[PDB]
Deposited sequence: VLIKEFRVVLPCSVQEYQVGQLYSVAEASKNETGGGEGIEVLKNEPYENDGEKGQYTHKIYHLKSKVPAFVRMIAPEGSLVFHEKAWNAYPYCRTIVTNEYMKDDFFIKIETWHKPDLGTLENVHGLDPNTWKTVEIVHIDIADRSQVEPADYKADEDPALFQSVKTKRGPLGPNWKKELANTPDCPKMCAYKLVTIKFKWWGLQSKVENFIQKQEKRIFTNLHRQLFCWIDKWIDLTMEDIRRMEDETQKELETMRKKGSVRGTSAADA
């Protein structure tokens, strides 16, 4: 088992992010879908478990050629399908990724708190004090080029080179964070606690570390994009998002069937 907390500080409010995250996840999902691989949405509906209200989503990721060669080698044919269930009770979210073949020996749990600060809160998820001390804290800086994998870099998705037309939140320079700190502009931080378990003798350490590395990468590219697409979603209402999600669900079903594979790829070459 491996636990890490990823902190993503953004130049936007917690309120704006609720819309921004959904808009960005919808677009990022389409960018990964095609040629038999990609995202499939099974459910996206409201819920009210116990005394909690929120949005529930059930999605399946088809990652045949997106996983590294070593994973295709050990995985039975047709088992590289992953279910992602998420109970989004924004500003809080609980997501769990599972795999049918792995049953209980595999899971990716992502628990996120969205707060109006700059990633200074400690143990926001209130984990056991001693356990918390063994959790690695990863600070994701969407403006830091060094945190981007060369293969993923795109100058048109570089927040360090982009300026919003509708908010004027100019290009994020090296010291944008400290600047924002003393700039009473919207600010927030997503504390994403990721707990990974991959029980498989001989590969546990390797696979758990691999998945954390990939979650880091996915969080990094997604939020860099989220920021650069800010003019696309900054003026949207939750209602426009629910309309977009309905359209997206349908567009995914069709994309996944046609064309070739597109999007992010992982390789332990």
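Taking the first deposited residue as 1, the sole stretch without any C-alpha atom is 185.
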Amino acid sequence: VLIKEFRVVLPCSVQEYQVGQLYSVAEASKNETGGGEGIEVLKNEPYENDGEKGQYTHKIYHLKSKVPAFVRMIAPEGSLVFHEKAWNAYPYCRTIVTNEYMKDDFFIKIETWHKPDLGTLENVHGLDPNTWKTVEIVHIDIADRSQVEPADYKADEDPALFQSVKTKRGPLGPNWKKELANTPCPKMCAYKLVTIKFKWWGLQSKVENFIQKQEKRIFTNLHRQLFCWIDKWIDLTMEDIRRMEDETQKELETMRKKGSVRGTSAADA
From here on, numbers count along this sequence of modelled residues.
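Checked against the record, the higher mean CA B factor of 49-57 and 23-31 lies with 49-57. Annotation for 167-175 versus 192-200: the higher mean temperature factor (C-alpha) is found in 167-175.
Set against one another, the Cα B-factors of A75, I108, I140, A86 in the record reach their highest point at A75. Ranked within its chain, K43 lands in the highest third, by CA B factor from the PDB record.
Sort the chain's modelled residues by C-alpha temperature factor and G126 lands in the highest third, per the entry. Ranked within its chain, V97 lands in the lowest third, by CA B factor from the PDB record.
Per the PDB record, residue ranking by Cα B-factor puts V67 in the middle third of the chain.
Sort the modelled residues of the chain by CA B factor and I234 lands in the middle third.
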